[PDB]
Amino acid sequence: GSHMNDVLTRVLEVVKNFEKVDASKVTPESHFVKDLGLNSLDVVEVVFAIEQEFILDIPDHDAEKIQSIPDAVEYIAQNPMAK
């Protein structure tokens, strides 16, 4: 395996688990709005659940930039404080 895959695997299960998200539509490249059909309030929920997974309180300016699984994976995998 790999650390990036470790992160991607947990992000995938977090996003799939969201009640509004069709888990069968989720890919490592899925964009929350354009692919998964979420609205702005939904994205806040998913990102917070991602923050829960890695115990990582993300500053608002960085957290608003996370709109897709690649965005989330790229930010978490480079953050040495992800748990």
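A residue's number is simply how far along the shown sequence it sits, counting from 1.
Q: Got a sec? Mean C-alpha B-factor, which is higher, 27-35 or 42-50?
A: The recorded data point to 27-35.
Q: Identify the stretch, either 60-68 or 18-26, whose C-alpha atoms have the larger mean B-factor according to the entry.
A: The entry gives the higher C-alpha B-factor average to 18-26.
Q: Mind checking which third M4 falls in for C-alpha B-factor across the chain?
A: Tercile = middle for this residue's CA B-factor.
Q: Ranking every modelled residue in this chain by its Cα temperature factor as given in the entry, which third contains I76?
A: Lowest third - that is where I76 ends up once the chain's C-alpha B-factors are sorted.
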